[PDB]
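This report concerns only the one structure given below.
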Amino acid sequence: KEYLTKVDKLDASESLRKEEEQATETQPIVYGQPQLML
Amino acid sequence: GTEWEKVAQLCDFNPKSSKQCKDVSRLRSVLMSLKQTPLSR
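Residue numbers (the UniProt record's numbering), protein chains in the order written: chain A, 1604 to 1641; chain B, 188 to 228.
This is the structure in structure tokens:
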């Protein structure tokens, strides 16, 4: 049962990994800095 | 069935142990004790 709780924590970590993937997909927005045209 | 009754009378993992630190391991132990309780006959 404790290991099943750890598996639930692993699923939460997978959700955090999906959040990191979303952050990576949004990174091109921050990468588009207008100051790079100088 | 009397051995389980003796083990309970000696060390019943009653949910009253929640007065201590709210550790997840102790919560899972209390859950296991509550799931084993129906075995008492």
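Built from N, CA and C at the ideal position, the CB exists for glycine as well.
Judged by DSSP in its simplified three-state form, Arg-1620/A adopts helix. DSSP places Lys-206/B in the helix class (H, G or I) of the three-state scheme.
Secondary structure of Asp-1614/A (DSSP, three-state): helix. Inter-residue distance for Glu-1623/A and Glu-1617/A is about 10 Å (C-alpha atoms, whole angstroms). One finds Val-211 and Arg-215 in chain B with Cβ atoms closer than 8 Å to the Cβ of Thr-1608/A, taken in chain order.
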